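What follows is one structure encoded as structure tokens, with my remarks underneath.
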Amino acid sequence: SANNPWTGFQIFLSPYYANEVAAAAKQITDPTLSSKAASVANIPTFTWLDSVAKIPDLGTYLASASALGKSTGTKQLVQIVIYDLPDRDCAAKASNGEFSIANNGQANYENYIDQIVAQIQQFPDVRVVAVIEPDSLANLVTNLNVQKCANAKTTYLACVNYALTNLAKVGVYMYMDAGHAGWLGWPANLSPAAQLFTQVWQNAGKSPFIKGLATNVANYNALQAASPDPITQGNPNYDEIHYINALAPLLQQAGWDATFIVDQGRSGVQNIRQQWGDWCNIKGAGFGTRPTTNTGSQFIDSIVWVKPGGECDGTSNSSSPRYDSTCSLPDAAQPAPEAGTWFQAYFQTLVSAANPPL
């Protein structure tokens, strides 16, 4: 549409990922690969607000972005992920979420949103783009036979509504997570998904700040595949462009001129998975297409890097209380540390296998 949130702005580079990358590049012994690895700190990524403890860091990032803007005569944009629903990740074998529905989860979530709003309100000269709750509403399309998801449905809906309504009041541009081609892109799932997302958009008042949907977050699908990955057999929507081209008209029909952002941070290497559902530290992944608003599609505002490559998806240690056995599959790089922590060997491969090359 006419308003692409990225046009005319400089993206603030995450200081946390820059620090991880600088530390990682020192440990790469080949001096040429080390230089390529170091350059990754200049590629914009999203910062994940996956616990209340990260909210003060957001305040520092907004203040630093505001000052950099004044120093350089630019307008700065900060990219964040809201990721703290109660009973988070209801269909997963393990969740690291700190809030539970049974212990005042919704009230704690609303307080988490209120604290984020209070930070954003203080720096109106900084634009914020937010991805809203990966691995949330997509479960309400396909995973309602998982008891934890059925029990979380009304809380997930109420919490997402609280986030959308309140972040809109401070002018945050929002993209709700919408899974990926191998989750919601199956033709039979498109209409239920369109119905759910349109309902959520309506309940939140149809705010123009609810821009659309984010796809492929923390996943590995191609935007535009040369030929279908074998794991996709049976689904005509074998890449993200097919999924978006099929879903976008259904949202438009309901009155929502929705646009999309697509994660390509770990999409450089295709045909590396044994099954489409394998998501944990997939071995051989490379950095994909760098963030850009030159997307080639009327429906896609930007290619983005949402999941920061190198931060682990989950541990392979079966003694961990956070263990998810998906992280033990053969196509998963092992041994792997705890989710969120730096996985140096995996980063080194992301750099080496980058396509396009770094």
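Within each chain, counting starts at residue 1; across the structure tokens, chains are named A, B, ... in the order shown, with ligands numbered 1 upward in that order.
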task = Could you pull out the residues in region 16-198 of chain A that DSSP calls strand (DSSP E or B) from the backbone, as a ChimeraX atom specification?
result = /A:47-49,76-82,127-132,173-177
Selection above as a file: C-alpha atoms, as a PDB file, in the first residue's frame:
ATOM      1  CA  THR A  47      15.001  -7.453  19.253  1.00  0.00           C
ATOM      2  CA  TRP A  48      12.827  -9.949  21.114  1.00  0.00           C
ATOM      3  CA  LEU A  49      11.046  -8.763  24.241  1.00  0.00           C
ATOM      4  CA  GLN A  76      15.319   6.078  13.251  1.00  0.00           C
ATOM      5  CA  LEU A  77      13.210   2.914  13.429  1.00  0.00           C
ATOM      6  CA  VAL A  78      13.404   0.232  16.122  1.00  0.00           C
ATOM      7  CA  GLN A  79      12.280  -3.360  15.361  1.00  0.00           C
ATOM      8  CA  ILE A  80      10.858  -5.427  18.230  1.00  0.00           C
ATOM      9  CA  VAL A  81       9.061  -8.738  18.808  1.00  0.00           C
ATOM     10  CA  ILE A  82       6.332  -8.995  21.485  1.00  0.00           C
ATOM     11  CA  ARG A 127       9.278   4.763  14.852  1.00  0.00           C
ATOM     12  CA  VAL A 128       8.621   1.269  16.232  1.00  0.00           C
ATOM     13  CA  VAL A 129       7.693  -1.766  14.158  1.00  0.00           C
ATOM     14  CA  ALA A 130       6.524  -4.763  16.177  1.00  0.00           C
ATOM     15  CA  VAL A 131       5.948  -8.412  15.317  1.00  0.00           C
ATOM     16  CA  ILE A 132       3.087  -9.570  17.575  1.00  0.00           C
ATOM     17  CA  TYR A 173       3.206  -0.362  13.330  1.00  0.00           C
ATOM     18  CA  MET A 174       2.258  -3.991  13.931  1.00  0.00           C
ATOM     19  CA  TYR A 175       2.469  -7.254  12.002  1.00  0.00           C
ATOM     20  CA  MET A 176       0.766 -10.225  13.636  1.00  0.00           C
ATOM     21  CA  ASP A 177       2.577 -13.525  13.321  1.00  0.00           C
TER      22      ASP A 177
END
inquiry  = Need to verify the contact set: residue 183 (chain A), 10 Å, only C-alpha atoms, exclusion of same-chain residues closer than 4 positions in sequence. Can you return it as a PyMOL selection string?
reply    = chain A and resi 138-139+141-142+178-179+189-190+216+243+276-277
query = Could you name the residues that touch residue 357 (chain A) at 10 Å or less, counting only C-alpha atoms, but leaving out those on the same chain fewer than 6 positions away, as an MDAnalysis selection string?
reply = chainID A and resid 36 268 286:289 351
query = Could you pull the residues within 7 Å of residue 85 (chain A), counting only C-alpha atoms, minus those fewer than 5 positions along the same chain, as number ranges by chain?
reply = A: 99, 109, 156
Would you output that residue set with C-alpha atoms, as an mmCIF file, in the first residue's frame?
data_model
loop_
_atom_site.group_PDB
_atom_site.id
_atom_site.type_symbol
_atom_site.label_atom_id
_atom_site.label_comp_id
_atom_site.auth_asym_id
_atom_site.auth_seq_id
_atom_site.Cartn_x
_atom_site.Cartn_y
_atom_site.Cartn_z
ATOM 1 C CA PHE A 99 3.637 -16.344 32.565
ATOM 2 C CA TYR A 109 0.645 -9.788 30.340
ATOM 3 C CA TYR A 156 -4.451 -15.702 23.621
#
ask   = Could you write out, as a VMD selection string, all the residues of region 172-356 of chain A that DSSP marks as alpha helix (DSSP H)?
value = chain A and resid 187 to 203 240 to 253 344 to 352
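Distances to residue 51 (chain A) were evaluated for A:102, A:90, A:113, A:75 using only C-alpha atoms, and the minimum falls at A:113.
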